[PDB]
file protein.cif (mmCIF, C-alpha atoms)
data_data
#
loop_
_atom_site.label_atom_id
_atom_site.label_comp_id
_atom_site.auth_asym_id
_atom_site.auth_seq_id
_atom_site.Cartn_x
_atom_site.Cartn_y
_atom_site.Cartn_z
CA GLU A 1 12.72 -4.92 -30.98
CA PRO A 2 13.40 -3.96 -27.36
CA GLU A 3 17.03 -4.23 -26.27
CA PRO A 4 18.31 -7.62 -25.09
CA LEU A 5 17.85 -8.62 -21.45
CA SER A 6 20.97 -8.38 -19.28
CA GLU A 7 22.29 -11.64 -17.86
CA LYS A 8 20.98 -10.49 -14.48
CA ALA A 9 17.46 -10.08 -15.90
CA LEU A 10 17.29 -13.47 -17.64
CA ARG A 11 17.61 -15.51 -14.45
CA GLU A 12 15.47 -13.29 -12.21
CA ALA A 13 12.70 -13.03 -14.82
CA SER A 14 12.83 -16.74 -15.76
CA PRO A 15 9.35 -17.62 -14.45
CA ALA A 16 7.91 -14.57 -16.23
CA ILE A 17 9.78 -15.53 -19.42
CA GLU A 18 8.39 -19.05 -19.11
CA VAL A 19 4.87 -17.64 -18.99
CA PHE A 20 4.99 -14.66 -21.35
CA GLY A 21 7.98 -15.22 -23.60
CA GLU A 22 11.25 -13.34 -23.77
CA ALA A 23 9.99 -10.70 -26.23
CA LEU A 24 7.32 -9.41 -23.84
CA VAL A 25 9.66 -9.46 -20.84
CA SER A 26 12.34 -7.65 -22.83
CA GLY A 27 9.71 -5.00 -23.48
CA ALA A 28 8.93 -4.73 -19.76
CA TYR A 29 12.64 -4.23 -19.01
CA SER A 30 13.19 -1.80 -21.91
CA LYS A 31 14.75 1.63 -21.45
CA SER A 32 11.97 2.81 -23.77
CA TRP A 33 8.89 3.74 -21.75
CA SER A 34 6.46 2.88 -24.58
CA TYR A 35 7.81 -0.67 -24.73
CA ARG A 36 7.31 -0.98 -20.97
CA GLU A 37 3.73 0.30 -21.14
CA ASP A 38 3.01 -1.91 -24.15
CA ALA A 39 4.38 -4.95 -22.30
CA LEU A 40 2.16 -4.37 -19.27
CA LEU A 41 -0.91 -3.80 -21.45
CA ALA A 42 -0.06 -7.02 -23.31
CA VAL A 43 0.06 -8.89 -20.01
CA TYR A 44 -3.32 -7.39 -19.16
CA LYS A 45 -4.70 -8.64 -22.47
CA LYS A 46 -3.13 -12.12 -22.12
CA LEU A 47 -4.58 -12.64 -18.63
CA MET A 48 -8.02 -11.20 -19.51
CA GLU A 49 -8.33 -13.58 -22.46
CA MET A 50 -7.39 -16.78 -20.61
CA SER A 51 -10.22 -19.30 -20.96
CA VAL A 52 -11.76 -20.75 -17.80
CA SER A 53 -10.69 -24.19 -19.02
CA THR A 54 -7.04 -23.29 -18.51
CA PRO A 55 -5.45 -25.60 -15.90
CA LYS A 56 -5.37 -23.93 -12.49
CA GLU A 57 -1.61 -24.34 -12.14
CA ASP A 58 -1.06 -22.44 -15.40
CA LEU A 59 -3.40 -19.69 -14.25
CA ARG A 60 -1.51 -19.45 -10.93
CA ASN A 61 1.89 -19.33 -12.64
CA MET A 62 0.58 -16.64 -14.96
CA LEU A 63 -0.68 -14.58 -12.02
CA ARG A 64 2.65 -14.92 -10.26
CA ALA A 65 4.56 -13.89 -13.37
CA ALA A 66 2.25 -10.91 -13.92
CA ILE A 67 2.71 -9.80 -10.30
CA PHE A 68 6.49 -10.06 -10.76
CA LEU A 69 6.20 -7.55 -13.62
CA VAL A 70 3.72 -5.37 -11.68
CA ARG A 71 6.10 -5.18 -8.72
CA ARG A 72 8.85 -3.84 -10.99
CA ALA A 73 6.61 -1.35 -12.79
CA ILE A 74 5.24 0.12 -9.55
CA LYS A 75 8.69 1.75 -9.30
CA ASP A 76 8.43 3.36 -12.75
CA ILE A 77 9.19 7.06 -13.07
CA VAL A 78 6.92 7.31 -16.13
CA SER A 79 3.24 7.84 -15.30
CA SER A 80 1.82 5.86 -18.24
CA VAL A 81 3.91 2.84 -17.23
CA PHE A 82 2.97 3.19 -13.55
CA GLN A 83 -0.71 3.51 -14.50
CA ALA A 84 -0.56 0.40 -16.70
CA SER A 85 0.85 -1.47 -13.70
CA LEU A 86 -2.04 -0.32 -11.51
CA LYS A 87 -4.57 -1.27 -14.20
CA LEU A 88 -3.02 -4.73 -14.37
CA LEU A 89 -2.85 -5.13 -10.58
CA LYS A 90 -6.46 -4.07 -10.07
CA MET A 91 -7.60 -6.42 -12.83
CA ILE A 92 -5.73 -9.39 -11.34
CA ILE A 93 -7.25 -8.85 -7.91
CA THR A 94 -10.80 -7.82 -8.81
CA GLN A 95 -11.38 -9.86 -11.97
CA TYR A 96 -8.86 -12.64 -12.65
CA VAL A 97 -8.68 -14.33 -9.25
CA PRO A 98 -12.49 -14.46 -8.88
CA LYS A 99 -13.04 -15.45 -12.53
CA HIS A 100 -10.75 -18.46 -12.13
CA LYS A 101 -11.63 -19.25 -8.50
CA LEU A 102 -7.93 -19.24 -7.58
CA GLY A 103 -8.59 -18.52 -3.90
CA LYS A 104 -7.74 -15.78 -1.45
CA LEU A 105 -4.17 -17.01 -0.97
CA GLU A 106 -3.52 -15.66 -4.47
CA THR A 107 -5.23 -12.36 -3.63
CA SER A 108 -3.02 -12.15 -0.56
CA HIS A 109 0.10 -12.75 -2.65
CA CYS A 110 -0.93 -9.90 -5.00
CA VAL A 111 -1.36 -7.43 -2.15
CA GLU A 112 1.74 -8.49 -0.19
CA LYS A 113 4.02 -8.27 -3.23
CA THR A 114 2.83 -4.82 -4.31
CA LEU A 115 1.76 -2.84 -1.25
CA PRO A 116 5.33 -2.10 -0.08
CA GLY A 117 6.21 -0.64 -3.46
CA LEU A 118 2.96 1.34 -3.62
CA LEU A 119 3.71 2.74 -0.18
CA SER A 120 7.19 3.77 -1.33
CA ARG A 121 5.66 5.87 -4.12
CA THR A 122 3.61 7.80 -1.54
CA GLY A 123 6.99 9.25 -0.55
CA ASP A 124 7.51 10.76 -4.01
CA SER A 125 8.68 14.38 -4.18
CA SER A 126 5.76 15.28 -6.48
CA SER A 127 2.35 15.73 -4.85
CA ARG A 128 0.56 14.42 -7.94
CA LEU A 129 2.14 11.00 -7.63
CA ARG A 130 1.86 10.83 -3.82
CA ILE A 131 -1.86 11.38 -4.20
CA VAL A 132 -2.24 8.86 -7.03
CA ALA A 133 -0.44 6.18 -5.07
CA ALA A 134 -2.23 6.87 -1.79
CA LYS A 135 -5.64 6.89 -3.49
CA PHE A 136 -4.87 3.56 -5.12
CA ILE A 137 -3.92 2.11 -1.73
CA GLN A 138 -7.12 3.53 -0.25
CA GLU A 139 -9.22 1.95 -3.02
CA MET A 140 -7.39 -1.38 -2.83
CA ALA A 141 -8.03 -1.58 0.93
CA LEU A 142 -11.78 -1.35 0.34
CA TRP A 143 -12.19 -3.74 -2.63
CA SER A 144 -14.51 -6.59 -1.72
CA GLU A 145 -11.76 -9.10 -2.59
CA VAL A 146 -9.19 -7.39 -0.37
CA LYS A 147 -11.04 -5.98 2.65
CA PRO A 148 -11.70 -9.37 4.33
CA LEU A 149 -7.95 -10.17 4.21
CA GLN A 150 -7.24 -7.37 6.71
CA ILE A 151 -3.79 -6.90 5.16
CA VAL A 152 -3.72 -3.25 4.24
CA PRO A 153 -4.52 -1.76 7.67
CA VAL A 154 -1.93 -3.93 9.40
CA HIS A 155 0.76 -2.88 6.93
CA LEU A 156 -0.21 0.79 7.42
CA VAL A 157 0.18 0.71 11.24
CA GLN A 158 3.70 -0.69 11.27
CA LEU A 159 6.37 1.39 13.04
CA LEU A 160 7.17 4.79 11.55
CA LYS A 161 10.75 5.83 12.35
CA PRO A 162 11.06 9.35 13.86
CA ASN A 163 13.56 10.30 11.17
CA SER A 164 11.59 8.77 8.28
CA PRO A 165 11.30 10.93 5.13
CA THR A 166 8.70 13.66 5.53
CA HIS A 167 6.57 12.91 2.45
CA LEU A 168 6.58 9.19 3.23
CA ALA A 169 5.66 9.80 6.86
CA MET A 170 2.93 12.29 6.04
CA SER A 171 1.39 9.94 3.50
CA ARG A 172 1.43 7.14 6.02
CA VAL A 173 -0.29 9.04 8.83
CA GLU A 174 -2.84 10.44 6.41
CA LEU A 175 -3.59 6.96 5.02
CA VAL A 176 -4.18 5.60 8.51
CA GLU A 177 -6.34 8.59 9.46
CA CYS A 178 -8.39 8.28 6.29
CA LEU A 179 -8.87 4.52 6.29
CA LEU A 180 -9.53 4.39 10.03
CA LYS A 181 -12.40 6.88 9.69
CA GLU A 182 -13.90 4.91 6.80
CA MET A 183 -13.35 1.36 8.08
CA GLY A 184 -13.41 1.61 11.87
CA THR A 185 -11.99 -1.03 14.21
CA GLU A 186 -14.40 -3.96 13.85
CA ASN A 187 -13.18 -6.68 11.45
CA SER A 188 -11.13 -4.14 9.47
CA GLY A 189 -7.65 -4.93 10.73
CA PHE A 190 -7.37 -1.67 12.69
CA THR A 191 -7.60 -2.08 16.47
CA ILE A 192 -7.29 0.31 19.40
CA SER A 193 -3.99 -1.39 20.24
CA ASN A 194 -2.34 -1.25 16.81
CA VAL A 195 -3.61 2.26 16.04
CA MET A 196 -2.40 3.60 19.39
CA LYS A 197 0.99 1.94 18.95
CA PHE A 198 1.30 3.52 15.50
CA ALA A 199 -0.01 6.97 16.47
CA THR A 200 2.05 7.28 19.65
CA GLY A 201 5.09 6.25 17.63
CA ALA A 202 4.28 8.98 15.10
CA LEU A 203 4.15 11.56 17.92
CA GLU A 204 7.92 11.19 18.14
CA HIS A 205 8.41 12.17 14.51
CA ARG A 206 10.67 15.17 13.92
CA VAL A 207 8.15 16.94 11.67
CA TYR A 208 5.27 18.89 13.23
CA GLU A 209 2.82 18.17 10.42
CA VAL A 210 3.35 14.41 10.97
CA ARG A 211 2.80 14.67 14.72
CA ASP A 212 -0.31 16.74 14.11
CA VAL A 213 -1.98 13.97 12.09
CA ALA A 214 -1.00 11.51 14.83
CA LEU A 215 -2.79 13.75 17.33
CA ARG A 216 -5.91 13.83 15.14
CA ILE A 217 -5.90 10.04 15.03
CA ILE A 218 -5.66 9.83 18.81
CA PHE A 219 -8.37 12.46 19.36
CA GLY A 220 -10.61 10.54 16.98
CA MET A 221 -10.08 7.34 18.94
CA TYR A 222 -10.51 9.11 22.28
CA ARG A 223 -14.05 10.17 21.38
CA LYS A 224 -15.03 6.51 21.01
CA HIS A 225 -12.64 4.78 23.42
CA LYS A 226 -11.91 7.23 26.23
CA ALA A 227 -10.90 4.69 28.91
CA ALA A 228 -8.65 2.61 26.65
CA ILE A 229 -6.84 5.68 25.35
CA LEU A 230 -6.17 7.12 28.79
CA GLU A 231 -4.98 3.71 29.98
CA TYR A 232 -2.55 3.55 27.06
CA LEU A 233 -0.91 6.93 27.37
CA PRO A 234 1.46 8.11 30.08
CA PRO A 235 -0.39 9.59 33.05
CA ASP A 236 -1.23 13.29 32.95
CA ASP A 237 0.78 15.50 35.29
CA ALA A 238 2.51 18.86 35.57
CA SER A 239 5.87 17.45 34.50
CA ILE A 240 4.66 15.87 31.28
CA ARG A 241 2.83 19.06 30.27
CA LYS A 242 6.22 20.76 29.98
CA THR A 243 6.29 19.02 26.59
CA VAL A 244 3.78 20.81 24.35
CA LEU A 245 2.36 17.68 22.71
CA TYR A 246 1.02 16.24 25.96
CA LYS A 247 -0.40 19.57 27.07
CA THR A 248 -2.19 19.64 23.68
CA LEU A 249 -3.26 15.99 24.04
CA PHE A 250 -4.64 16.19 27.59
CA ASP A 251 -6.20 19.66 27.20
CA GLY A 252 -7.75 18.39 23.99
CA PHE A 253 -9.20 15.41 25.83
CA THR A 254 -10.69 17.75 28.44
CA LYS A 255 -12.10 19.90 25.61
CA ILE A 256 -13.76 16.77 24.20
#
call {"tool": "encode", "arguments": {"input": "protein.cif", "output": "structure tokens"}}
result
Amino acid sequence: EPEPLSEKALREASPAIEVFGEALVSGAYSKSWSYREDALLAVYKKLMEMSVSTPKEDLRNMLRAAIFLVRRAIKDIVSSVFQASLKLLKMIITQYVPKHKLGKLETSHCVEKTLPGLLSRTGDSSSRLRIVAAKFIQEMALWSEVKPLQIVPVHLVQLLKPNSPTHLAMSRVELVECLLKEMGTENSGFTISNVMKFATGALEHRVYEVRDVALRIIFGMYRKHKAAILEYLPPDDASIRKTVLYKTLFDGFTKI
């Protein structure tokens, strides 16, 4: 058996316990990584095998309990556990919700409860994991169930603090750059306004490599939206060119 749940865990995981039983949840909370992976794979199996005749309220409660466990496991240091959480999350969004016609409110809940944690992992000190997490976010943004919600792009363009951790910041600017290229600004969630707010914010970041991606984003936009971009930025003059970024920006525009 997995070790007993702490008193803290029993109350917080009550809805999950109600749905899956204490044994499974104890596995999910176990200090043993194999018990955690097994628990998540068991949740995957339990949800996949739910008959369509299951009352909708039960199916919703089960989704919510599964997402509770997913949200925890997205933080896992062990790759097999993290991967099982992604497998489960992708299944809930792309298979379970549509199978049971639960509605896009449930899809929204899945994304909103997990995206912040997924984004956190893109700040990991190991490149392997940063890439895994960012690629999953990229794929989730483009799933047919998720794209029309316009959730992912909006989350990605939220303020980036100038002192934010380098790996986290780099992953964020690269995600925006990548998804913006692929999705554009029509019905995606990205707009000239929210991209420019994000990118110009990122230009203040302390790390050159971060600012450089922000410049690429702006140059990309400028090619398509010259007037809007120039109207957004401070006006070009001799004084502002004393800062290297703006010299680069405005000279770059003139090069384009």
call {"tool": "residues_around", "arguments": {"input": "protein.cif", "residues": "stretch 101-116 of chain A", "least_positions_apart": "6", "cutoff": "8 Å", "atoms": "all atoms listed in the file", "output": "JSON, numbers by chain"}}
result
{"A": [56, 60, 67, 70, 71, 74, 89, 92, 93, 137, 145, 146, 149, 151, 152]}
call {"tool": "closest_residue", "arguments": {"input": "protein.cif", "among": "A:53, A:150, A:83, A:158", "to": "residue A:37", "atoms": "only C-alpha atoms"}}
result
A:83
call {"tool": "closest_residue", "arguments": {"input": "protein.cif", "among": "A:171, A:164, A:6, A:51", "to": "residue A:206", "atoms": "all atoms listed in the file"}}
result
A:164
call {"tool": "atom_distance", "arguments": {"input": "protein.cif", "atom1": "atom CA of residue A:54", "atom2": "atom CA of residue A:29"}}
result
27.4 Å
call {"tool": "closest_residue", "arguments": {"input": "protein.cif", "among": "A:252, A:27, A:117, A:165", "to": "residue A:216", "atoms": "all atoms listed in the file"}}
result
A:252
call {"tool": "resolve_selection", "arguments": {"input": "protein.cif", "expression": "the PyMOL selection byres ((chain A and resi 39-47) around 10)", "output": "count of residues only"}}
result
40
call {"tool": "residues_around", "arguments": {"input": "protein.cif", "residues": "residue A:200", "least_positions_apart": "5", "cutoff": "9 Å", "atoms": "only C-alpha atoms", "output": "PyMOL selection string"}}
result
chain A and resi 195+211+214-215+218+233
call {"tool": "atom_distance", "arguments": {"input": "protein.cif", "atom1": "atom CA of residue A:186", "atom2": "atom CA of residue A:172"}}
result
20.9 Å
call {"tool": "resolve_selection", "arguments": {"input": "protein.cif", "expression": "the PyMOL selection byres ((chain A and resi 159) around 12)", "output": "PyMOL selection string"}}
result
chain A and resi 154-158+160-164+169+172-173+194-205
call {"tool": "atom_distance", "arguments": {"input": "protein.cif", "atom1": "atom CA of residue A:79", "atom2": "atom CA of residue A:147"}}
result
26.8 Å
call {"tool": "closest_residue", "arguments": {"input": "protein.cif", "among": "A:179, A:140, A:244, A:52", "to": "residue A:97", "atoms": "all atoms listed in the file"}}
result
A:52
call {"tool": "closest_residue", "arguments": {"input": "protein.cif", "among": "A:15, A:235, A:55, A:98", "to": "residue A:144", "atoms": "all atoms listed in the file"}}
result
A:98
call {"tool": "closest_residue", "arguments": {"input": "protein.cif", "among": "A:121, A:135, A:247, A:181", "to": "residue A:234", "atoms": "all atoms listed in the file"}}
result
A:247
